[PDB]
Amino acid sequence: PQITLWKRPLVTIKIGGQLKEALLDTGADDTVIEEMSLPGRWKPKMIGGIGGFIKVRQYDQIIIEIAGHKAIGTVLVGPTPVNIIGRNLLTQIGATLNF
């Protein structure tokens, strides 16, 4: 499907067995998800945005469903006010920006 940008590009995702809303974000290098109880090994990482950096948990090889597309990759979990799907997973599902 094709998504115009008149509204935030929000989609349903599945992660750890749970349905969530997240923002398709071409301006993000990485995927960051709100604090949740996710199984898997992780390590601490700093990630940055406008306003500086936050401390997140980095989980590798996490299976995530994005608008019905499966993808496996790194997920960061931390105090974001919004779930965002970054380029590391957008590429996995074949997303592109067109105009």
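Numbers follow the displayed sequence, beginning with 1.
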Between 68-76 and 26-34, the record assigns the higher mean Cα B factor to 68-76
Averaging the C-alpha B factors as listed in the entry, name the stretch that ends up higher: 48-56 or 35-43. 35-43
Among the modelled residues of this chain, does the Cα B factor of residue 9 put it in the lowest, middle or highest third? middle
Rank-wise, by C-alpha B-factor, drop residue 82 into the lowest, middle or highest third of its chain. highest
Sorting by Cα B-factor within the chain, modelled residues only, which third would residue 15 end up in: lowest, middle or highest? middle
